[PDB]
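Taking it in order: structure first as structure tokens, then the write-up.
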Number of protein chains: 2
Amino acid sequence: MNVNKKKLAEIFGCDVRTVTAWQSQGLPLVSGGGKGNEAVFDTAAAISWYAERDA
Amino acid sequence: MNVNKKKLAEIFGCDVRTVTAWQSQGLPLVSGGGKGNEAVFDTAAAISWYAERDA
């Protein structure tokens, strides 16, 4: 689902900054820029990415 | 974040029934029962479980 970065962090159970570090590592966003209610991610895409990195 | 089954489904990008099938496979719930706004899951626990399945 479409979520902002803080909501992504909450969903994953990580700090927000960890998501931004994940962006450095290839985590896709759906629409960009940065922290808070700016960068929008899709939960399903983040989970697929997450699962394909340490699974 | 504490979510119901339909919200877990939406987050993962699966049908609700896939979550119930995931429950058959060891997916932890935080508080149980069944479908819709009944069974409550934590997103971080579900993601950890999902990621540890097969990658």
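Here is the naming used below: chain letters follow the sequence lines, and residue numbers restart at 1 for every chain. The figures that follow rest on heavy atoms only: side chains count, while hydrogens, waters and symmetry mates do not.
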ILVMFWY network linking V16(A) to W49(A), side-chain heavy atoms under 4.5 angstrom: no
Do you know the tightest heavy-atom contact between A55(B) and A51(A)? CB-O, 3.0 Å
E10(A) side, atom CD; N2(B) side, atom CG - distance, nearest 0.5 Å: 10.5 Å
Residues which pass side chain to side chain donor-acceptor pair (under 3.5 Å) with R17(A), listed by chain and number, not counting sequence neighbours: none
OG (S48(A)) and OH (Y50(B)) are apart, to the nearest 0.5 Å, by 6.5 Å
Atom pairs and distances, side-chain donor-acceptor, residues 27-43 of chain A, under 3.5 Å, sequence neighbours left out:
| unit_1 | atom_1 | unit_2 | atom_2 | d |
| --- | --- | --- | --- | --- |
| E38(A) | OE1 | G34(A) | N | 2.9 |
| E38(A) | OE2 | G34(A) | N | 3.3 |
| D42(A) | OD1 | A44(A) | N | 2.7 |
| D42(A) | OD1 | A45(A) | N | 3.3 |
| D42(A) | OD2 | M1(A) | N | 3.3 |
| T43(A) | OG1 | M1(A) | N | 2.3 |
| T43(A) | OG1 | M1(A) | O | 3.4 |
| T43(A) | OG1 | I11(B) | O | 2.5 |

